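[1] everything below, folded, please.
(chains A and B, ligands or ions: 1)
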Amino acid sequence: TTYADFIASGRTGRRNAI
Amino acid sequence: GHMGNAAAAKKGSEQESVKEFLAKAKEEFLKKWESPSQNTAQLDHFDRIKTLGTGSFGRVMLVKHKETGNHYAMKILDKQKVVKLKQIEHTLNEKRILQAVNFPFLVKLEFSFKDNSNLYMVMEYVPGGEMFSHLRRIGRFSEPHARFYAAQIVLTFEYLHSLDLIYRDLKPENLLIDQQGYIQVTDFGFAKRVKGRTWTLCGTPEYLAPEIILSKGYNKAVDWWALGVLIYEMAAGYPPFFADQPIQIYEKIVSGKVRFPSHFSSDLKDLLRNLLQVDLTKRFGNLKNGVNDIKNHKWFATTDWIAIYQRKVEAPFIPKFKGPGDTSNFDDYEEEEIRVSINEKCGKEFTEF
Ligand SMILES: Nc1nccc2cccnc12
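    Numbers count the residues shown, from 1 in each chain, chains lettered A, B, ... in the order given. See below for the structure:
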């Protein structure tokens, strides 16, 4: 599922600005 | 048409009233953006309690004012690290805008000051925690729940943009939930007064509009794109463009393709296709009709805009709060000691703060 791919990615925590 | 004579008359009158409100709002703003405040307190006035959030250049801490007993949120930025990250302009923007704006969904700045090592901005403490935390915990919000929050962002952006301000860091991490269940926008690090275009590459990768990625000058339409990302993330549980490396995120953003969960309503997908619109000349919020293309979209048909602004609407939930100094709606961060150097650091860079 897309949600599982999301939790599996490195982008679920607080996202620093660029 | 879609509206009868009654609704058409009401809506037009509502639009005139918005214009009247915004003209008054701009007048009040212009005084403070010409003559800012400075040096409103000092560090020992405050007992420091716990870290509420950490960033690359400083932290925000829960503090208690000694004479008042009131709790505040104190943002502390290390002057040398700010200089080091070429964030001087942004920091001075944040302070000067925060002291000049006034809106129910914008965090209120109480004090600001500086010492040898740090800059300090003392804000009202918003106890219910970040939308980020509630969203990740619940997974996704229902559409009525997402719509309640989105409506508050639409109104906040209408206000900010009418003041020639762009926000540029919309994301759930920056949206706090207050005691009544309403949103407080915090962190104006990238907010800026802009009358034409601006050019800095800044923001958060998942929320960057295509024109930022393609290195063009851009304007307030990036905030409306970012609202499209926010509503998607709130309703889906994940943002529309993600990948482990920012460069893959950027590639998806500019392709002009977005896929939707099958539980999204058709009304929601139609709004999002118009916000997540790569073509600047077609993006909702950027057309001849301005924010009214958003406020009058079918997905917001049940939204009472004035009632939201007046905070008359019952919220989807009220955060649990067991006392005025309760931080249970916030994560735990490692505490570090605040050291104030014997020597003044970067004194000239921050003369305006
Ligand atoms: N004004 C605030 N209240 C509570 C928590 C906060 C976290 C980061 C920034 N501002 C905050």
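
[2] how about the residues of the stretch 151-300 of chain B that lie near chain A?
    Counting by Cβ under 8 Å from any Cβ of the partner chain, the stretch 151-300 of chain B comes close to chain A at B:169, B:171, B:173, B:189-190, B:201-206, B:208, B:236-238, B:242-244, B:246, B:261. C-beta coordinates here come from the backbone N, C-alpha and C atoms, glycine included.

[3] what about the helices in the stretch 251-353 of chain B?
    B:266-275, B:292-295, B:305-309 (DSSP state H, counting those that start in this stretch).

[4] and if you look at chain B?
    For chain B, the helices defined by DSSP state H cover B:5-34, B:79-84, B:88-98, B:131-138, B:143-162, B:210-213, B:221-236, B:246-255, B:266-275, B:292-295, B:305-309.

[5] which stretch among those helices is buried most, on average?
    Of all these, helix B:221-236 carries the top mean neighbour count, a mean of 24, counting by mean count of other Cβ atoms under 10 Å in any protein chain shown.

[6] for it, packing partners?
    helix B:131-138, helix B:143-162, helix B:210-213, helix B:266-275 (3 or more Cβ pairs under 8 Å, 6 or more residues apart in numbering or on different chains; DSSP states H and E).

[7] turn those into a markdown table, columns for distance to residue B:31.
    A markdown table is the format used below for the helices and strands packed on helix B:221-236 (distance: least, Cβ to Cβ, whole Å):
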| stretch | distance to residue B:31 |
| --- | --- |
| helix B:131-138 | 32 |
| helix B:143-162 | 16 |
| helix B:210-213 | 32 |
| helix B:266-275 | 33 |
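
[8] for the ones you listed, which one sits closest to residue B:292?
    Closest approach to residue B:292 among the helices and strands packed on helix B:221-236 is made by helix B:143-162 (9.4 Å; Cβ to Cβ).

[9] which neighbouring elements make contact with that closest one?
    helix B:5-34, strand B:183-185, helix B:221-236, helix B:305-309.

[10] between these, which gets nearest to the ligand?
    Of all the helices and strands packed on helix B:143-162, strand B:183-185 sits nearest to the ligand, with 6.7 Å by Cβ to the nearest ligand atom.

[11] is the ligand contacted by that closest one?
    No - Strand B:183-185 is not in contact with the ligand by Cβ under 6 Å from any ligand atom; minimum separation 6.7 Å.

[12] so what touches that strand?
    B:105-107, B:124, B:126, B:131, B:149, B:152-153, B:156, B:167, B:174-178 (Cβ atoms under 8 Å, 6 or more residues apart in numbering or on different chains).

[13] so how many other residues sit close to the residue in the stretch 201-350 of chain B that chain A sits nearest to?
    Residue nearest to chain A within the stretch 201-350 of chain B (Cβ to the nearest Cβ): residue B:238, separated by 3.9 Å. As a burial measure, residue B:238 scores 23 neighbours (other Cβ atoms under 10 Å in any protein chain shown).

[14] re the thing from before, report the buried members of the residues of the stretch 151-300 of chain B next to chain A.
    B:169, B:171, B:173, B:189-190, B:202-206, B:208, B:236-238, B:242-243, B:246, B:261 (16 or more other Cβ atoms under 10 Å in any protein chain shown).

[15] and for whatever residue of chain A ends up closest to the ligand, the neighbour number?
    Per Cβ to the nearest ligand atom, residue A:14 is where chain A lies closest to the ligand, at 10.8 Å. By other Cβ under 10 Å, 17 other residues sit near residue A:14.

[16] the one 3 residues further on now?
    Using other Cβ under 10 Å, residue A:17 has 20 other residues around it.
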